[PDB]
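Peer 1: Coordinates in run.tsv, TSV, C-alpha atoms, are listed below.
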```tsv
chain	number	residue	atom	x	y	z
A	1	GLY	CA	121.86	-6.99	57.23
A	2	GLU	CA	121.29	-6.00	60.84
A	3	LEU	CA	117.68	-4.83	60.53
A	4	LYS	CA	116.72	-8.13	58.88
A	5	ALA	CA	118.47	-9.89	61.78
A	6	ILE	CA	116.27	-7.97	64.22
A	7	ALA	CA	113.11	-8.85	62.28
A	8	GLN	CA	114.11	-12.55	62.34
A	9	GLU	CA	114.54	-12.61	66.13
A	10	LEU	CA	111.16	-10.90	66.56
A	11	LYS	CA	109.70	-13.64	64.36
A	12	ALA	CA	111.25	-16.14	66.78
A	13	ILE	CA	109.71	-14.38	69.79
A	14	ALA	CA	106.29	-14.44	68.11
A	15	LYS	CA	106.63	-18.21	67.52
A	16	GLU	CA	107.39	-18.81	71.20
A	17	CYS	CA	104.51	-16.62	72.35
A	18	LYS	CA	102.24	-18.70	70.10
A	19	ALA	CA	103.68	-21.79	71.84
A	20	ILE	CA	102.88	-20.31	75.25
A	21	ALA	CA	99.25	-19.72	74.21
A	22	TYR	CA	99.04	-23.26	72.86
A	23	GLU	CA	100.13	-24.82	76.14
A	24	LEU	CA	97.79	-22.57	78.14
A	25	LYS	CA	94.93	-23.68	75.92
A	26	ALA	CA	95.70	-27.26	76.95
A	27	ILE	CA	95.81	-26.30	80.63
A	28	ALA	CA	92.42	-24.58	80.21
A	29	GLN	CA	91.05	-27.88	78.87
A	30	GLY	CA	92.19	-29.85	81.93
B	1	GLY	CA	127.70	-2.57	66.75
B	2	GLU	CA	124.59	-1.46	68.62
B	3	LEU	CA	122.14	-3.03	66.16
B	4	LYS	CA	123.85	-6.38	66.65
B	5	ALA	CA	123.59	-5.86	70.41
B	6	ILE	CA	119.85	-5.37	69.97
B	7	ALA	CA	119.54	-8.58	67.92
B	8	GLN	CA	121.46	-10.49	70.59
B	9	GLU	CA	119.13	-9.32	73.37
B	10	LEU	CA	116.12	-10.29	71.25
B	11	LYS	CA	117.70	-13.73	70.88
B	12	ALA	CA	117.88	-13.94	74.67
B	13	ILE	CA	114.19	-13.03	75.03
B	14	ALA	CA	113.20	-15.72	72.51
B	15	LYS	CA	115.21	-18.30	74.47
B	16	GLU	CA	113.40	-17.42	77.70
B	17	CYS	CA	109.97	-17.50	76.04
B	18	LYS	CA	110.87	-20.98	74.78
B	19	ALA	CA	111.72	-21.94	78.37
B	20	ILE	CA	108.37	-20.58	79.57
B	21	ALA	CA	106.47	-22.69	77.02
B	22	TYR	CA	108.40	-25.78	78.07
B	23	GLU	CA	107.78	-25.31	81.81
B	24	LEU	CA	104.03	-24.95	81.19
B	25	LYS	CA	103.97	-28.53	79.93
B	26	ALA	CA	104.80	-29.69	83.49
B	27	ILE	CA	101.75	-27.88	84.95
C	1	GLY	CA	123.11	6.79	72.85
C	2	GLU	CA	119.51	5.84	72.16
C	3	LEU	CA	120.30	2.50	70.51
C	4	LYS	CA	122.29	1.47	73.56
C	5	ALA	CA	119.25	2.47	75.68
C	6	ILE	CA	117.08	0.13	73.60
C	7	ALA	CA	119.50	-2.77	74.08
C	8	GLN	CA	119.55	-2.19	77.85
C	9	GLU	CA	115.74	-2.30	78.09
C	10	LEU	CA	115.73	-5.52	76.06
C	11	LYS	CA	118.23	-6.95	78.55
C	12	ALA	CA	115.77	-6.04	81.31
C	13	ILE	CA	112.93	-7.81	79.51
C	14	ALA	CA	115.02	-10.97	79.09
C	15	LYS	CA	115.81	-10.91	82.84
C	16	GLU	CA	112.12	-10.74	83.73
C	17	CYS	CA	111.23	-13.56	81.34
C	18	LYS	CA	113.89	-15.65	83.08
C	19	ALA	CA	112.17	-14.84	86.42
C	20	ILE	CA	108.81	-15.92	84.93
C	21	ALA	CA	110.30	-19.27	83.87
C	22	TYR	CA	111.74	-19.73	87.36
C	23	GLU	CA	108.37	-19.19	89.04
C	24	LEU	CA	106.53	-21.48	86.63
C	25	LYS	CA	108.96	-24.28	87.45
C	26	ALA	CA	108.24	-23.62	91.13
C	27	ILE	CA	104.49	-23.82	90.51
C	28	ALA	CA	104.81	-27.12	88.61
C	29	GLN	CA	107.10	-28.18	91.48
D	1	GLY	CA	112.51	11.71	69.37
D	2	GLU	CA	111.31	8.41	67.96
D	3	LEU	CA	114.13	6.20	69.27
D	4	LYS	CA	113.57	7.52	72.80
D	5	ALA	CA	109.86	6.73	72.32
D	6	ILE	CA	110.78	3.13	71.48
D	7	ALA	CA	113.05	2.84	74.53
D	8	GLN	CA	110.21	4.14	76.76
D	9	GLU	CA	107.73	1.52	75.50
D	10	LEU	CA	110.32	-1.22	76.06
D	11	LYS	CA	110.70	0.10	79.61
D	12	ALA	CA	106.91	-0.30	79.95
D	13	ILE	CA	107.06	-3.89	78.68
D	14	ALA	CA	109.81	-4.70	81.19
D	15	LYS	CA	107.65	-3.30	84.03
D	16	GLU	CA	104.73	-5.53	83.03
D	17	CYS	CA	106.93	-8.61	82.73
D	18	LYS	CA	108.17	-7.87	86.26
D	19	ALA	CA	104.49	-7.71	87.30
D	20	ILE	CA	103.83	-11.10	85.71
D	21	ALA	CA	106.73	-12.65	87.66
D	22	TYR	CA	105.45	-11.05	90.86
D	23	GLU	CA	101.99	-12.58	90.51
D	24	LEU	CA	103.44	-15.99	89.62
D	25	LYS	CA	105.58	-15.83	92.75
D	26	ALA	CA	102.36	-15.44	94.75
D	27	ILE	CA	100.74	-18.38	92.94
D	28	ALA	CA	103.84	-20.48	93.73
D	29	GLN	CA	103.32	-19.64	97.41
D	30	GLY	CA	99.72	-20.89	97.41
E	1	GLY	CA	106.58	7.16	59.97
E	2	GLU	CA	107.81	3.60	60.44
E	3	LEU	CA	109.58	4.28	63.74
E	4	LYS	CA	106.32	5.63	65.16
E	5	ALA	CA	104.59	2.49	63.88
E	6	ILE	CA	107.13	0.43	65.83
E	7	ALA	CA	106.52	2.43	69.02
E	8	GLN	CA	102.76	1.95	68.62
E	9	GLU	CA	103.09	-1.83	68.33
E	10	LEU	CA	105.33	-1.87	71.41
E	11	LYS	CA	102.59	0.06	73.22
E	12	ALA	CA	100.15	-2.68	72.23
E	13	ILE	CA	102.45	-5.40	73.60
E	14	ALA	CA	102.80	-3.56	76.92
E	15	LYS	CA	99.00	-3.31	77.17
E	16	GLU	CA	98.61	-7.06	76.68
E	17	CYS	CA	101.34	-7.89	79.20
E	18	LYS	CA	99.46	-5.69	81.67
E	19	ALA	CA	96.33	-7.72	80.93
E	20	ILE	CA	98.23	-10.97	81.52
E	21	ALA	CA	99.43	-9.77	84.94
E	22	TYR	CA	95.90	-8.78	85.89
E	23	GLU	CA	94.33	-12.10	84.87
E	24	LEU	CA	96.90	-14.01	86.95
E	25	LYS	CA	95.47	-12.38	90.07
E	26	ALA	CA	92.23	-14.36	89.49
E	27	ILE	CA	94.10	-17.71	89.49
F	1	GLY	CA	111.20	-2.16	53.84
F	2	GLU	CA	112.92	-3.66	56.86
F	3	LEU	CA	111.42	-1.25	59.40
F	4	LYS	CA	107.94	-2.16	58.19
F	5	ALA	CA	108.92	-5.85	58.62
F	6	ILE	CA	109.86	-5.13	62.25
F	7	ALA	CA	106.50	-3.44	62.92
F	8	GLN	CA	104.64	-6.40	61.41
F	9	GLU	CA	106.44	-8.91	63.66
F	10	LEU	CA	105.65	-6.72	66.68
F	11	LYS	CA	101.99	-6.81	65.63
F	12	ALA	CA	102.24	-10.61	65.61
F	13	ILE	CA	103.71	-10.63	69.12
F	14	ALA	CA	100.91	-8.40	70.43
F	15	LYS	CA	98.34	-10.79	68.89
F	16	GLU	CA	99.87	-13.78	70.67
F	17	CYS	CA	100.01	-11.94	74.00
F	18	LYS	CA	96.29	-11.22	73.57
F	19	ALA	CA	95.75	-14.99	73.04
F	20	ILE	CA	97.74	-15.70	76.23
F	21	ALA	CA	95.50	-13.32	78.21
F	22	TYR	CA	92.42	-15.01	76.77
F	23	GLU	CA	93.55	-18.47	77.86
F	24	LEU	CA	94.53	-17.31	81.35
F	25	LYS	CA	91.04	-15.90	81.84
F	26	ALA	CA	89.67	-19.28	80.75
F	27	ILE	CA	91.90	-21.06	83.27
F	28	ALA	CA	90.81	-18.77	86.12
F	29	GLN	CA	87.27	-19.34	84.80
```
If you convert what's in this file into structure tokens, what do you get?

Peer 2:
Amino acid sequence: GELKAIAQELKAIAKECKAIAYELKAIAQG
Amino acid sequence: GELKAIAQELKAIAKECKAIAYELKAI
Amino acid sequence: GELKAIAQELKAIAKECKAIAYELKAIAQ
Amino acid sequence: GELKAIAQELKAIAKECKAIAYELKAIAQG
Amino acid sequence: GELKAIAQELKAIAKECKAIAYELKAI
Amino acid sequence: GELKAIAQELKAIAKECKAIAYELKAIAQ
């Protein structure tokens, strides 16, 4: 269904935001 | 339908966030 | 309708995230 | 209504993402 | 209700994006 | 339900944005 589809794309956005934080943590460490 | 339209725009946001993470690796 | 309004604001968010990616590439050079 | 409330918070998120791009543009310019 | 719950989490995301923009000024 | 699932993923996004803000403050030092 369509609401499940929306939840799955939000899950994808959360994964990429976690990736952004991960790369920034590396930048913070030099 | 409009709910599918919403899912498609969320897909676009996820793609751009992926791009942001990738560009940060070049910093 | 309201659901169309939600899709249009999501389109706006995707556009700004694309701008963010563009500027980060400029910073990395 | 509740769907209008959701649209208004998305509008707020878009404004802040525009702000993020604006500050990054300044960083890119030194 | 659940739609109000969704609006409240969106409010939280907007607050954090505002914080991100502010921290970038210190860079 | 599905609407609760959507709220929970939004909560996850807000948590990651908070992590992003934390790391940017660390970078600025």

Peer 1: Taking all C-alpha atoms matched one to one in order, superimpose chain D on chain A and note the resulting RMSD in Å.

Peer 2: 0.0 Å

Peer 1: Tell me, as a PyMOL selection string, which residues lie within 10 Å of residue 11 (chain C), counting all atoms listed in the file; anything in the same chain fewer than 4 positions away does not count.

Peer 2: (chain B and resi 5-6+8-10+12-13) or (chain C and resi 5-7+15-16) or (chain D and resi 14)

Peer 1: Just fit chain C onto chain F on all the Cα atoms, in order, by least squares, and give it as a PDB file with C-alpha atoms, keeping the file's coordinate frame.

Peer 2:
```
ATOM      1  CA  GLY C   1     111.196  -2.161  53.842  1.00  0.00           C
ATOM      2  CA  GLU C   2     112.920  -3.661  56.862  1.00  0.00           C
ATOM      3  CA  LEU C   3     111.413  -1.257  59.402  1.00  0.00           C
ATOM      4  CA  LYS C   4     107.943  -2.160  58.189  1.00  0.00           C
ATOM      5  CA  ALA C   5     108.927  -5.845  58.623  1.00  0.00           C
ATOM      6  CA  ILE C   6     109.853  -5.130  62.248  1.00  0.00           C
ATOM      7  CA  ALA C   7     106.508  -3.437  62.916  1.00  0.00           C
ATOM      8  CA  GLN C   8     104.634  -6.400  61.411  1.00  0.00           C
ATOM      9  CA  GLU C   9     106.442  -8.904  63.658  1.00  0.00           C
ATOM     10  CA  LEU C  10     105.654  -6.725  66.678  1.00  0.00           C
ATOM     11  CA  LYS C  11     101.996  -6.808  65.626  1.00  0.00           C
ATOM     12  CA  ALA C  12     102.244 -10.608  65.614  1.00  0.00           C
ATOM     13  CA  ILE C  13     103.710 -10.631  69.119  1.00  0.00           C
ATOM     14  CA  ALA C  14     100.906  -8.402  70.424  1.00  0.00           C
ATOM     15  CA  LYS C  15      98.333 -10.792  68.890  1.00  0.00           C
ATOM     16  CA  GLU C  16      99.870 -13.774  70.674  1.00  0.00           C
ATOM     17  CA  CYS C  17     100.004 -11.941  74.002  1.00  0.00           C
ATOM     18  CA  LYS C  18      96.293 -11.223  73.566  1.00  0.00           C
ATOM     19  CA  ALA C  19      95.749 -14.990  73.038  1.00  0.00           C
ATOM     20  CA  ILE C  20      97.734 -15.705  76.236  1.00  0.00           C
ATOM     21  CA  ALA C  21      95.505 -13.320  78.213  1.00  0.00           C
ATOM     22  CA  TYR C  22      92.420 -15.009  76.766  1.00  0.00           C
ATOM     23  CA  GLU C  23      93.553 -18.471  77.864  1.00  0.00           C
ATOM     24  CA  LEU C  24      94.527 -17.310  81.349  1.00  0.00           C
ATOM     25  CA  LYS C  25      91.040 -15.891  81.841  1.00  0.00           C
ATOM     26  CA  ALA C  26      89.675 -19.274  80.750  1.00  0.00           C
ATOM     27  CA  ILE C  27      91.899 -21.067  83.266  1.00  0.00           C
ATOM     28  CA  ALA C  28      90.811 -18.769  86.119  1.00  0.00           C
ATOM     29  CA  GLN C  29      87.270 -19.344  84.803  1.00  0.00           C
TER      30      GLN C  29
END
```

Peer 1: Check every residue of chain F for an atom within 8 Å of chain A, counting only C-alpha atoms, and provide those that qualify as an MDAnalysis selection string.

Peer 2: chainID F and resid 2:3 5:6 9:10 12:13 16:17 19:20 23:24 26:27

Peer 1: Do you have the CA of residue 29 (chain F)-CA of residue 20 (chain E) distance handy?

Peer 2: 14.2 Å

Peer 1: Between CA of residue 15 (chain B) and CA of residue 7 (chain E), measure the distance and give it in Å to one decimal.

Peer 2: 23.1 Å

Peer 1: Report as a Markdown table: every residue of chain E with an atom at most 6 Å from chain D, its closest pair of atoms, and their distance in Å to one decimal, counting all atoms listed in the file, with rows sorted by chain and ascending residue number.

Peer 2:
```
| residue | atom | partner | partner_atom | distance |
| --- | --- | --- | --- | --- |
| E:7 | CA | D:6 | CA | 5.0 |
| E:10 | CA | D:9 | CA | 5.8 |
| E:11 | CA | D:9 | CA | 5.8 |
| E:14 | CA | D:13 | CA | 4.6 |
| E:17 | CA | D:16 | CA | 5.6 |
| E:18 | CA | D:16 | CA | 5.4 |
| E:21 | CA | D:20 | CA | 4.7 |
```
